[PDB]
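Notes follow the structure.
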Amino acid sequence: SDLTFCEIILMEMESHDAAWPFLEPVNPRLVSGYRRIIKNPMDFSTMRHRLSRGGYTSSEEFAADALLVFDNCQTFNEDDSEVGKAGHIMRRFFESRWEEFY
Ligand SMILES: CCc1c(-c2csc(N3CCN(CC4CCN(CC)CC4)CC3)n2)[nH]c(C)c1C(C)=O
């Protein structure tokens, strides 16, 4: 039951218009400084893989990874940058969709 909702949230985040920065892991060879700054990278396809394996024991673990995506986003990108702007839309989407399930 706790896993069923995450399947919905993740499917909705995957297809959201503002999801394009977060569908695959950041390629640190292409982003000067990323590895130095972001110690725990996270993205939607990693969460999708972990969910497929069943590696989420609880609903809160899924939420921790989701928040980590947007913490990393706000750590590295300016709020007015094109990736920052998308991260805020996705972050607000996740929080508001999380709260109508829990
Ligand atoms: C600033 C760099 C950064 C990004 C970023 C910048 S551009 C981009 N991608 C990701 C993948 N995407 C795949 C294509 C190919 C397939 N499709 C074609 C139909 C369209 C999309 C291409 C654009 N990701 N994301 C994050 C979290 C960042 C940081 C530093 O936090």
Side-chain angles (χ1 to χ4, degrees):
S1 182
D2 283 25
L3 275 305
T4 270
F5 292 144
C6 313
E7 202 71 59
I8 298 174
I9 297 184
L10 185 51
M11 170 207 71
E12 286 173 348
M13 286 192 297
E14 274 170 340
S15 63
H16 200 285
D17 278 9
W20 59 270
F22 315 101
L23 302 172
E24 15 167 323
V26 170
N27 190 337
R29 296 164 168 176
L30 306 170
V31 178
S32 180
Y34 198 73
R35 266 314 177 260
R36 179 188 20 103
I37 286 158
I38 292 305
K39 282 328 212 190
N40 299 119
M42 187 49 64
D43 68 281
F44 293 165
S45 65
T46 311
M47 297 163 57
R48 164 70 53 202
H49 166 260
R50 177 163 181 198
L51 199 46
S52 305
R53 274 178 92 168
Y56 289 116
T57 70
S58 81
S59 178
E60 283 70 38
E61 290 178 10
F62 175 93
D65 276 2
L67 292 184
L68 181 55
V69 181
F70 313 123
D71 293 325
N72 294 348
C73 177
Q74 295 176 86
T75 297
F76 194 88
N77 305 277
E78 291 279 304
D79 300 311
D80 54 10
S81 78
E82 149 186 90
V83 163
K85 286 190 280 193
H88 287 307
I89 297 179
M90 285 315 297
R91 189 183 42 77
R92 287 187 295 262
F93 184 75
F94 175 79
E95 287 181 13
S96 88
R97 188 66 75 149
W98 178 265
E99 271 150 35
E100 52 190 310
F101 290 143
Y102 306 95

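Counting from 1, the numbers follow the sequence of the chain as shown. Whatever order the structure lists ligands and atoms in, that order sets their numbers, starting from 1. The figures that follow rest on heavy atoms only: side chains count, while hydrogens, waters and symmetry mates do not.
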Candidate pair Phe76 and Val26, rule side-chain contact (heavy atoms from CB on, under 4.5 Å), full reasoning: CA-CA 11 Å; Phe76 194 88; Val26 170; over 6 Å; no
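Counted within 6.0 Å of CD on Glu100, heavy atoms from surrounding residues, nucleotides or ligands total more than 12; the atom is thus considered enclosed. Residue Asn27 qualifies as enclosed at atom CG: its count of foreign heavy atoms under 6.0 Å is above 12.
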Are any protein N/O atoms closer than 3.5 Å to the N/O atoms of ligand 1? If there are, list each pair with names and the distance to one decimal place.
{"from": "ligand 1", "atom 1": "25 (N)", "to": "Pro21", "atom 2": "O", "distance (Å)": "3.1"}
{"from": "ligand 1", "atom 1": "31 (O)", "to": "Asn77", "atom 2": "ND2", "distance (Å)": "2.9"}

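Evaluation of the salt bridge (charged side-chain N to carboxylate O under 4.0 Å, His left out) rule for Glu7 yields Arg48 as partners, not counting sequence neighbours. With sequence neighbours left out, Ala64 forms a side-chain contact (heavy atoms from CB on, under 4.5 Å) with no residue at all. With sequence neighbours excluded, the residues satisfying side-chain hydrogen bond (donor to acceptor under 3.5 Å, both in side chains) with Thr57 are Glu61.
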